[PDB]
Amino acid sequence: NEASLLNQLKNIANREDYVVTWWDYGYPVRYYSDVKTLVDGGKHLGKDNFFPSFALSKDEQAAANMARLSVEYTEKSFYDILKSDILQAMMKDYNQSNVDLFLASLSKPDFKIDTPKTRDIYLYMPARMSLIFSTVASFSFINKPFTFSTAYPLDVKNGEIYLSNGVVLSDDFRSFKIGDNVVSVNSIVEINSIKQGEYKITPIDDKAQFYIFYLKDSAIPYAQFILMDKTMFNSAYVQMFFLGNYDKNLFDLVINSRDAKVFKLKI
């Protein structure tokens, strides 16, 4: 129950703290937790979405840093450039002229956070977001496609599975065609239990792109499988929520649930 988990968040965290998350949950979080957010029903323009999306789509370390940067610079952006165009502001304070290289800059373990820490930050990552994560991650691109297609079985006739995304998957989980021809999946990944670290990956051809996810116990209707590329596989969302793999020098797990996870930025 979301209200319960976000009411748990209220007590754990502080009124000044931010929760970083997608805007669809902006209001619920502010209501249940009584904390600040980056976006919400009333504030989710492209320029807005970029920051939650980045710290949800990029690699853990990159997301850890943006979380801190975006929060600190948005807060400050309430006292010139810092108003309207917060990414430029932070680039100057890092003397980076090229948007793409600064952003790539963030993935490095050797990135200095000059700006002081002024408040706590939490990541909120609900299961149900998978169904929309494709749209979430799209906003971490300045506007080179990605792939995050979730699907449920329509039928299972023969040794194949008629996935809802027009895809036809083999029962050994090693190929699909989409009504055409075979293309080996990079690896196989099945989630026996999220709350628990119950999963396993089977390497099956390196030069292959798409990963395949089997959600043996999806409590989410319409999300039984996930087909994703190497990038989405890298995201903090997949790695941290689904695979429950995270750096304990970057994040603290303060709320574990079947339905959602909450991490405390430690930086």
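Residue indices: 1-based, along the sequence shown.
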Q: Please say, as none, 1 to 3, 4 to 9, or 10 or more, how many residues of the deposited sequence are without coordinates in the interval between residue 79 and residue 80.
A: 4 to 9
Q: Quick one: classify how much of the deposited chain lacks coordinates between residue 143 and residue 144, choosing none, 1 to 3, 4 to 9, or 10 or more.
A: 4 to 9
Q) Once you work out the mean C-alpha B-factor for both 115-123 and 168-176 from the entry, which is higher? A) 168-176
(Q) Test of understanding: from the entry's C-alpha B-factors, which stretch has the higher mean, 14-22 or 243-251? (A) 243-251
Q) For the listed residues 54, 225, 237, 210, which one has the largest C-alpha B-factor as given in the deposited model? A) 210
**Q.** Which of 107, 196, 97, 74 ranks first by CA B-factor in the deposited coordinates
**A.** 196
Q: Could you say whether, by C-alpha temperature factor, residue 201 belongs to the lowest, middle or highest third of its chain?
A: highest
Q. Among the chain's modelled residues, which third holds the C-alpha B-factor of residue 102?
A. middle
